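> Sequence first, structure after, both from an experimental entry:
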Amino acid sequence: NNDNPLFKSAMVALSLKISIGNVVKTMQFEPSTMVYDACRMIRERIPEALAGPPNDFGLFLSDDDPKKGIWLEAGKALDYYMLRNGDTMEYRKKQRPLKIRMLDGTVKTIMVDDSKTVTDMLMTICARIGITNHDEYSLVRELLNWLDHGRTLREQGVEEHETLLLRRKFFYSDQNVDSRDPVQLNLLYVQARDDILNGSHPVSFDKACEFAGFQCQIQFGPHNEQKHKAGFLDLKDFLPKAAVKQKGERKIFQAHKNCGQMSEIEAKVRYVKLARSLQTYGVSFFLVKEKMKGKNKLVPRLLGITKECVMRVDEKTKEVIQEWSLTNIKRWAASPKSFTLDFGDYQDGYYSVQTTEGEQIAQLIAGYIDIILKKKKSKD
């Protein structure tokens, strides 16, 4: 027998455990409290919440599956988040370290906001490195597994120990090549070289050996028959996977010889101009399976996307069977198994093919459209 002089009924307040590091205090909020207000009361009742400027801190609901933890939006109210008495929010630092592979082999570490999408972080990353054309850029895990620009790193399963790659994804505008800025020249070189080498830029066997000849001149200096003889080369470092044939060593060394005493800068300039001169340059290819009239077996075929068109290309000859301008495409739709283009009245029938790349294809087509729309308003 003992009543409680402190008993208060009809209290309709969220009783939440606030977590900051080793510390866990319990605090009371009115459910309709804006999140930016909850952070404010946290800062006024727990001194460990003053360890950094407010803009660096947020409320975070954790989860056994890290991809499912969420940062609460400043503009919402606690009850939007179906909070029940006894739940924990962490008042948590928003900045995480992120490792991007640098051109000199080092890895720069950039602080990025764990609460923002990959689109937003790309501005941060390019500014900290000094890239101007950031809407042409994207990220891949070091390990063409492009990440999703409309989702955070956390919700795609990218862990903080992972090192990421900054690569050019869209080919909308090309600055001129200038031997007077060797740093910029080396960028354009490294970008064209990696695309040839990894197979993003398909090239003939003959051409793949000509690039390799330039790459030899750039990495070893003028050809030296004494040191650059049979067996010298690690072909996987100099040829696309498709191109690796020991017939190539002799062919690469010839091209290397034909450079004579070309300087490393002239070789880089000649490498970039050659790549830019191929009709494959700036085209993203995807492997799809078409259906022919009659033929119940599907034909493998390449789908090429550019800043101007979508293209049906032959898997071997690389010649363009058919090309549709992006302005002739009314809508598209992807599935985990298919990709489909609607052309409106420009054609009788949809274009539909099997591919595991439907979503990647759609993201490329939509990204080019978004660059085009952004460039049309900014020229008005």
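Done, it's in. Numbers count the residues shown, from 1 in each chain.

> Please save the CA atoms from the helix or strand residue 276 falls within in CSV.
Residue 276 is part of helix 264-277 when elements are defined by DSSP states H and E. Listed next in CSV are the C-alpha coordinates belonging to helix 264-277 (Å, rounded to 0.1, in the frame of the first residue of the first chain):
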residue,chain,number,x,y,z
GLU,A,264,55.8,10.8,-73.4
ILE,A,265,53.6,13.9,-73.9
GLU,A,266,53.3,13.4,-77.7
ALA,A,267,52.6,9.8,-77.2
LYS,A,268,49.7,10.6,-74.8
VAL,A,269,48.3,13.1,-77.2
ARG,A,270,48.5,10.6,-80.0
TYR,A,271,46.9,8.0,-77.8
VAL,A,272,43.8,10.1,-77.0
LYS,A,273,43.4,11.3,-80.6
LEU,A,274,43.4,7.8,-81.9
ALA,A,275,40.8,6.6,-79.4
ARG,A,276,38.6,9.7,-80.1
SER,A,277,38.8,8.9,-83.8
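
> What helices and strands are in contact with the helix or strand following that helix?
Next helix or strand after helix 264-277 toward the C-terminus (DSSP H and E): strand 284-290. Judged by 3 or more Cβ pairs under 8 Å, 6 or more residues apart in numbering; DSSP states H and E, the packing partners of strand 284-290 are strand 299-305, strand 351-354, helix 358-377. The C-beta positions use only the backbone N, C-alpha and C, and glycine is treated the same way.

> hmm, 6 Å instead?
strand 299-305, strand 351-354 (3 or more Cβ pairs under 6 Å, 6 or more residues apart in numbering; DSSP states H and E).

> wait, what's in contact with residue 171?
Residues near residue 171 by Cβ atoms under 6 Å, 6 or more residues apart in numbering: residue 282.

> Could you check how far it is from residue 287?
19 Å (Cβ to Cβ, to the nearest Å).

> Same question for residue 251.
Applying Cβ to Cβ to residue 251 and residue 287 gives a distance of 27 Å.

> Tell me which of these two has more neighbours.
residue 251 (18 against 13; other Cβ atoms under 10 Å).

> Dihedrals phi and psi, the more buried one?
In terms of degrees, to the nearest 10, the main-chain angles of residue 251 are phi -70, psi -40.

> Residues in contact with the helix holding residue 276: which ones?
Contacts for helix 264-277 (Cβ under 6 Å, 6+ apart): 177, 179, 185, 188-189, 192, 214, 217-218, 281.

> go with 7 Å
174, 177, 179, 182, 185-186, 188-189, 192-193, 196, 201, 210-211, 214, 217-218, 259, 281 (Cβ atoms under 7 Å, 6 or more residues apart in numbering).

> Next: stretch 210-217.
193, 196, 238-239, 252, 255-256, 258-259, 262, 267, 270-271, 274.

> export those to CSV and tack on neighbour count, secondary structure and distance to residue 306?
Formatted as CSV, the contacts of stretch 210-217 follow (neighbours: other Cβ atoms under 10 Å; DSSP: H, G, I helix; E, B strand; the rest coil; distance: Cβ to Cβ, whole Å):
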residue, neighbour count, secondary structure, distance to residue 306
193, 21, helix, 21
196, 25, helix, 17
238, 22, coil, 27
239, 25, coil, 25
252, 25, helix, 30
255, 19, helix, 28
256, 25, helix, 32
258, 13, coil, 32
259, 19, coil, 31
262, 18, coil, 31
267, 21, helix, 28
270, 19, helix, 24
271, 24, helix, 22
274, 17, helix, 19
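
> now these as JSON lines including distance to residue 140?
Formatted as JSON lines, those follow (distance: Cβ to Cβ, whole Å):
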{"residue": "193", "distance to residue 140": "16"}
{"residue": "196", "distance to residue 140": "17"}
{"residue": "238", "distance to residue 140": "22"}
{"residue": "239", "distance to residue 140": "21"}
{"residue": "252", "distance to residue 140": "27"}
{"residue": "255", "distance to residue 140": "30"}
{"residue": "256", "distance to residue 140": "30"}
{"residue": "258", "distance to residue 140": "34"}
{"residue": "259", "distance to residue 140": "32"}
{"residue": "262", "distance to residue 140": "32"}
{"residue": "267", "distance to residue 140": "27"}
{"residue": "270", "distance to residue 140": "28"}
{"residue": "271", "distance to residue 140": "22"}
{"residue": "274", "distance to residue 140": "25"}
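
> Identify the farthest-apart pair in those residues.
Farthest-apart pair in the contacts of stretch 210-217 is 239 and 262; separation 20.4 Å (Cβ to Cβ).

> And the closest residue to residue 242 other than its chain neighbours, how far from residue 284?
Of all residues not flanking residue 242 in the chain, residue 199 sits nearest, at 6.6 Å (Cβ to Cβ, 6 or more residues apart in numbering). Separation of residue 199 from residue 284 (Cβ to Cβ): 12 Å.
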